[PDB]
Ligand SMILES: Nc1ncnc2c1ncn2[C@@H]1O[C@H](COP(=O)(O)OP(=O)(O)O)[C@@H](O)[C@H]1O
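Taking the form deposited without this ligand, here's one chain by itself in structure tokens.
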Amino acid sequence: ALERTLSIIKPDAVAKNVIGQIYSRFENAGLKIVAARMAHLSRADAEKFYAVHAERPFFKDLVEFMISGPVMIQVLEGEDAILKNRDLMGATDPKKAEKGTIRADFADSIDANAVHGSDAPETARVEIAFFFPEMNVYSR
């Protein structure tokens, strides 16, 4: 159960003051919050984070929405963490997300879709390393 994934509670969900409810989704599902911080990303950092989408027409929108306000960033650890977090988040478009997922419950739109989660083992590694030094990640 040492797999880790990178989660972000996006500015829309922070602004709703539902950080705790989203955290409980993780915790109740058996994931442990092993690193965490509130931050306000710069444009340059949002651009780096979303680099893989630099050529897509929704790039500017991913970026603008991620820097519109503070975010809560955390590392989630546990068995099958990457896929479990994805299951908890639900579909990218909240209109398509299953009932009781984070996006179905807290997302207003595909832009304001509440949360990010790493999509694969290598993106989890890169994203965790982007936001946290290992000395500030506390496995337990």
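Numbers follow the displayed sequence, beginning with 1.
On average the C-alpha atoms of 97-105 have higher B-factors than those of the other stretch, with 78-86 and 97-105 being the two compared. In this entry, the higher average B-factor at the C-alpha atoms falls on 59-67, of the pair 59-67 and 37-45. If you compare the C-alpha temperature factors of 54, 115, 73, 29 in the entry, 54 comes out highest. Among the modelled residues of the chain, residue 135 sits in the middle third by CA temperature factor in this PDB entry.
In what follows, reference is made to the form solved in complex with this ligand, a form of this protein that is not presented.
Only one segment in the set 24-32, 50-58, 37-45, 67-75 has residues whose heavy atoms sit within 4.5 Å of this ligand in the bound PDB entry; it is 50-58. By the criterion of a heavy atom within 4.5 Å, residue 101 is excluded from the residues contacting this ligand in the bound PDB entry. Under a 4.5 angstroms non-hydrogen atom cutoff, this ligand in the bound PDB entry lacks residue 97 among its neighbouring residues. Taking the partner from elsewhere, residue 86 is found to have a heavy atom lying within 4.5 Å of this ligand in the bound PDB entry. The closest heavy atom approach of residue 111 to this ligand in the bound PDB entry falls within 4.5 Å.
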